[PDB]
Amino acid sequence: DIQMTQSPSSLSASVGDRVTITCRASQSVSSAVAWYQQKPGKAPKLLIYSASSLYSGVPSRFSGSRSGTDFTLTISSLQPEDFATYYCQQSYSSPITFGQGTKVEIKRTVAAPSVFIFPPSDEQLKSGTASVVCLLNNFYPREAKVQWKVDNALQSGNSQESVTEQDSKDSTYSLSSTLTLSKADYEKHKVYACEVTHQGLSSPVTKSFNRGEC
Amino acid sequence: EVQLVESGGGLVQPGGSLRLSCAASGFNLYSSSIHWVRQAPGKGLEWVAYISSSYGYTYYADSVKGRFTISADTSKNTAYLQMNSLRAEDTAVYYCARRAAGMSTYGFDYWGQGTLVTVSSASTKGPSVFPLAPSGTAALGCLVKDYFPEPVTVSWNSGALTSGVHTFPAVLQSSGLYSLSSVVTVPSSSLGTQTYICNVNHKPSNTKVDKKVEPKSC
RNA sequence: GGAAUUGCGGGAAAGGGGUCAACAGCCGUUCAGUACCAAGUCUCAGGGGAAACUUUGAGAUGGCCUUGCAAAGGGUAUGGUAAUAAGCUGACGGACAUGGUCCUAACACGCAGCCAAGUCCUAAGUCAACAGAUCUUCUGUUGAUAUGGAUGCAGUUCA
Ligand SMILES: [Mg+2]
Ligand SMILES: [Mg+2]
Ligand SMILES: [Mg+2]
Ligand SMILES: [Mg+2]
């Protein structure tokens, strides 16, 4: 089969920067190469076909070129809405094959997370489980550490986190971390705290609450 | 608007069968080839089968050949992918995509929205929805706990509230069940006047849950 | 002395000029429709030729993806159309800011025309070698040979 090797697997670039993504075909594919943009959870969107033809609905800042078996997608002035995974595809011989994808993220000024903590609902707690959620809202860059402490006891193994994909207007992320405790364990302890470390924060920020109707 | 409308995926047990449909709207199926591309959760695009615009030349990936069968209904402007003897390797979002007839070197111009096929013995379970109560901007949300399979989608105030909303990727828990949170930031002055309801759709369990989220007390 | 030194297409740098914040322009893997089915290659038939070839008619193939090529691969009338098959018309969709578009246009490329050389085909005519005699004249085979052709990427300038 024909392998399509996509370089940068990931890149971060500022609004206005020229972004270059290359695809090396393992053998000649003439110009039978297409480029797609895929936004998270969405179908891939055709950008370029036959190596250099621009498809309709695509800003003219996207262009494609070929040199031998090397194909280049160029975004000439990156915009915030261009965050996506980009895929090259060859339609020269069966099977049709895609590159492994290049994730593009938009670099912007560092922004610290606004941190919120939410205690378990009383209805969930009566059912035997406590989910404590820590929200880190609108931060950049994506890298952030959340540590949970119950009565200052460092927690491990009982939390999971989820991160949104980059905002198409302000290029920030949001992250939720959920601490899961049994009703028994949750009612034994008083202070629930999530400690956030991020480049936008000169020191780790703690947000906490004390268990109880108060 | 010209489009490809996909349906028919969802949960199936190993060895089970699913039939995906791809209805063309605004372009002619007879002058298209139809391609099936799948993407395992968090992974890349894989081309698995296609039927050329002559409708007779089909290709199938070796691992799919014999189990999968493309057909087309000219009268309904619809293509199908029958997927038999399904196994965990087949779990993925399946896209149908088309290409103009004869344009053999081109990519795919119209794509279906994608359908998740999950091959699992695990049982469907609808979500419990709990408030993340708010306690000059306030964050509030809902926690959608313990559902299977994906997907869940969340809106706020029936799609009327979209600004400031963050719905997080589902997290697979040790239990085998998914959880996700959806949060929205609103003006604190609106908390006593504006009603905030999260609308959670879990079509795999035939369930929609609306949860009004309000201040509690502590 | 005379002939010929050609007709075009899609692009397009620079400077200038018109126009467009979404264009009666431009782009389309969308939909419908109008007109049309080229060149090249091959086969046969009618006309020319010694032949090779040529011209006309019919058919096949070709054409599209593919404007570096297009063998392979796919498509191939449910198809196709640049310069010798509208790359047409309407609608729909789309792109555009020191950007889109149009005029002016260096320039290279491409489609054709004419084609020097070269190559290749043919060998009527002629020549040669051998052979044959019909007595001063001859015919036979084998070969070469264009001045016959086809091909032809050179050249197609200056103003
Ligand atoms: Mg033509
Ligand atoms: Mg063409
Ligand atoms: Mg024409
Ligand atoms: Mg010439």
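So that the names make sense, note that chain A is the first sequence line, chain B the second, and so on, each numbered from 1.
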Nucleotide forming a Watson-Crick or wobble pair with C/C53, both distances under 3.5 Å | C/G48
Would you say a side-chain N or O of B/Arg98 is under 4.0 Å from OP1 or OP2 of C/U30?
-> yes
Any chance the bases of neighbours C/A128 and C/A129 are stacked, by the 5.5 Å centre and 30° plane criterion?
-> yes
Using purine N1 to pyrimidine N3 plus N6-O4 or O6-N4 for Watson-Crick, or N1-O2 and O6-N3 for G-U wobble, both under 3.5 Å, which nucleotide pairs with C/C109?
-> C/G9
For B/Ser63 against B/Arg38, the heavy-atom pair lying closest together = OG-NH2, 4.2 Å
Answer with base, sugar-phosphate or nothing: what part of the nucleic acid does B/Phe27 contact at a heavy-atom distance below 4.0 Å?
-> sugar-phosphate
C/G68 and C/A106: how far apart are their P atoms, nearest whole angstrom?
-> 23 Å
Side-chain heavy atoms of A/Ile48 within contact of A/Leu73, under 4.5 Å = yes
Watson-Crick or G-U pair, C/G28 and C/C92, both under 3.5 Å | yes
Looking only at heavy atoms, which two atoms of A/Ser131 and A/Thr178 are closest? And how far apart?
-> CB-CG2, 3.9 Å
With syn meaning chi within 90° of zero and anything else anti, the base of C/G80 is anti
When you measure from the centre of the six-membered ring of A/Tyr173, is the NZ or CZ of A/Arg142 under 6.0 Å away and within 45° of the axis?
-> no
Does A/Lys103 make a cation-pi contact with A/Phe83, if we ask for NZ or CZ under 6.0 Å from the ring centre and within 45° of the axis?
-> no
Value in whole Å for how far the P atom of C/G99 lies from CD of A/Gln79 = 16 Å
B/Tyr110 atom OH is separated from C/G94 atom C1', nearest whole Å, by 10 Å
Polar pair under 3.5 Å, donor/acceptor by atom type, side chain A/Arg66, base C/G68 | yes
Across all strands, who's sitting opposite C/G125 as a Watson-Crick or G-U wobble pair, both distances under 3.5 Å?
-> C/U145
When you compare C/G40 with C/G62, how far apart are their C1' atoms, in angstrom units rounded to a whole number?
-> 8 Å
Write down the distance between CD1 (A/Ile2) and P (C/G73), rounded to a whole number of angstrom.
-> 14 Å
North or south sugar at C/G125, going by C1'-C2'-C3'-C4' (positive north, negative south)?
-> north
For the side chain of B/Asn28, starting at C-beta, report the closest nucleotide among C/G74, C/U30, C/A32.
-> C/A32
Provide the distance between the two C1' atoms, one in C/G143 and one in C/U122, to the nearest whole Å.
-> 15 Å
Which nucleotide, in any strand shown, forms a Watson-Crick or G-U wobble pair with C/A4, with both distances under 3.5 Å?
-> none
Using the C1'-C2'-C3'-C4' torsion, classify the pucker of C/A123 as north or south, with positive meaning north.
-> south
Separation between the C1' atoms of C/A144 and C/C138, rounded to whole Å | 23 Å
Under a 4.5 Å cut-off applied to non-hydrogen side-chain atoms, are B/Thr118 and B/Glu150 in contact?
-> no
Furanose pucker, C/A97, classified by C1'-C2'-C3'-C4' | south
Side chain to side chain, B/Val213 and B/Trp156, heavy atoms closer than 4.5 Å = yes
Please report, rounded to the nearest Å, how far the P atom of C/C27 is from the CG atom of B/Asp109.
-> 19 Å
Are A/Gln89 and A/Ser91 linked by a side-chain donor-acceptor pair shorter than 3.5 Å?
-> yes
State, as yes or no, whether the six-membered rings of C/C37 and C/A38 are stacked by the criterion of centre distance under 5.5 Å and planes under 30 degrees.
-> no
Mate of C/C64 where both pairing distances stay under 3.5 Å, Watson-Crick or G-U | C/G74
So which nucleotide does C/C130 pair with, by the Watson-Crick or G-U wobble rule with both distances under 3.5 Å?
-> C/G140
Check the side chains of A/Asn158 and A/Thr180 for a donor-acceptor pair under 3.5 angstrom, ignoring hydrogens and angles.
-> no
Toward the 5' end of RNA chain C, by each residue's nearest nucleotide, B/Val2 or B/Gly102 | B/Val2
State which of C/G93, C/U29, C/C65 makes the closest approach to the side chain of B/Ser104.
-> C/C65
Among side-chain atoms of A/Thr74 and A/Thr72, is any donor-acceptor pair under 3.5 angstrom?
-> no
A/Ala34 vs A/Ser93, nearer the 5' end of RNA chain C by closest nucleotide | A/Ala34
Are C/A32 and C/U89 a pair by Watson-Crick or G-U wobble criteria, both distances short of 3.5 Å?
-> yes
Test item: A/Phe118 and A/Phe209 side chains (from C-beta on) under 4.5 Å apart, heavy atoms | no
How far, in whole Å, is C/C31 from C/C92 if one measures between their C1' atoms?
-> 7 Å
P spacing across the pair C/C103 / C/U56, given as an integer number of angstrom | 38 Å
Exactly one candidate in B/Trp47, B/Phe68, B/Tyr50 meets ring-ring contact (aromatic ring centres under 6.0 Å, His included) with B/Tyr59; the answer is B/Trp47
Is C/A146 a north or a south sugar when classified by the sign of torsion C1'-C2'-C3'-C4'?
-> south
Round to the nearest Å and state the distance from A/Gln89 atom CD to C/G74 atom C1'.
-> 14 Å
According to the definition of ring centres under 5.5 angstrom and planes under 30 degrees, are C/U67 and C/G68 stacked?
-> no
Per the under-4.0 Å heavy-atom filter, residues of residues 53-82 of chain B near RNA chain C come out as B/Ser53, B/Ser54, B/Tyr57
To the nearest Å, give me how far apart CG (B/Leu29) and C1' (C/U30) are.
-> 14 Å
Value in whole Å for how far the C1' atom of C/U66 lies from CE of B/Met103 | 10 Å
On a whole-Å scale, what distance lies between the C1' atoms belonging to C/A35 and C/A12?
-> 31 Å
Among the nucleotides C/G73, C/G79, C/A70, which one has an atom lying closest to any side-chain atom of B/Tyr30?
-> C/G79
For residues A/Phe116 and A/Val133, determine if any side-chain heavy atom of one lies less than 4.5 Å from a side-chain heavy atom of the other.
-> no
Who is the Watson-Crick or G-U wobble partner of C/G15, with both distances under 3.5 Å?
-> C/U104
Does C/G59 have a Watson-Crick or wobble partner in any strand here, with both distances under 3.5 angstrom, and which is it?
-> C/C42
Under a 4.0 Å heavy-atom cut-off, which of residues 40-63 of chain A touch RNA chain C?
-> A/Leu46, A/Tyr49, A/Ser50, A/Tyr55, A/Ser56, A/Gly57, A/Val58, A/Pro59, A/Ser60
C/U137 vs C/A150: Watson-Crick/wobble pairing, cut-off under 3.5 Å = no
Would you confirm whether the neighbouring bases C/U151 and C/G152 count as stacked, given the thresholds of 5.5 angstrom between ring centres and 30 degrees between planes?
-> yes
Nearest-angstrom distance, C1' atom, C/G93 to C/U157 | 50 Å
With sugar-phosphate meaning primed atoms plus P, OP1 and OP2, does A/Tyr92 contact a base, only sugar-phosphate, or nothing at under 4.0 Å between heavy atoms?
-> base
Got a second to check how far B/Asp109's CG is from A/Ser56's OG, nearest 0.5 Å?
-> 10.0 Å
Can you tell me if the sugar in C/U134 is north or south, using the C1'-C2'-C3'-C4' torsion?
-> south
Please report, rounded to the nearest Å, how far the P atom of C/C92 is from the CD atom of B/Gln3.
-> 19 Å
